[PDB]
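Here the structure is laid out as structure tokens; the discussion comes afterwards.
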Amino acid sequence: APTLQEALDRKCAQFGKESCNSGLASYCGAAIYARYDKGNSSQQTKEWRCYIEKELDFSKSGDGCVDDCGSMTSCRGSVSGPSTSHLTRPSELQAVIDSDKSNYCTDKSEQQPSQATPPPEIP
């Protein structure tokens, strides 16, 4: 993974497609992503879970990702309705965040790099 959030997607590939390996048709050949968002209806409140693209909504801005450092950054892909094809491993996602932060972490170059990078403060 090039960035910390993708190491999450990678963590996600290890749980998600693990379920796929167990027979879960959903993750089977699916694109699974790490999204700190809501799960199933009864499984609300955002926690790091593994959501296959099936379950995310890219019409939702994913203010539940993590940037290169473990801070929740904004990137399109978030649970619109109750997510079914998902794995709540918030301990494990935030773990590779914590861990792979050694593989990617900036001193907060302002999360969500949409180019330009204008200083959000006037001295």
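Residue 1 is where the sequence shown starts when you use the deposited numbering, and the numbers rise one by one after that.
Beta carbons are placed, not taken as given, at the ideal position from N, Cα and C, and that holds for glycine.
In this structure, does DSSP put residue i in helix, strand or coil?
i: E47; result: strand
i: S61; result: coil
i: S42; result: helix
i: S85; result: coil
Would you mind sorting residue i into buried or exposed? The rule is 16 or more other CB atoms within 10 Å of its CB.
i: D98; result: exposed
i: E121; result: exposed
i: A116; result: exposed
So the beta strand (DSSP E) residue i belongs to, where does it begin and stop?
i: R35; result: 32-37
Starting from residue i and walking both ways along the alpha helix (DSSP H), at which residues does that stretch end?
i: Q115; result: Premise fails: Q115 is in no alpha helix (DSSP H) and is neither H nor E.
i: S91; result: 90-100
i: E121; result: Counting along the chain, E121 falls outside any alpha helix (DSSP H), and DSSP gives it neither H nor E.
i: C12; result: 4-21
Measure the Cβ-Cβ separation of residue i and residue j and say whether it is below 9 Å.
i: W48; j: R10; result: no
i: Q111; j: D67; result: yes
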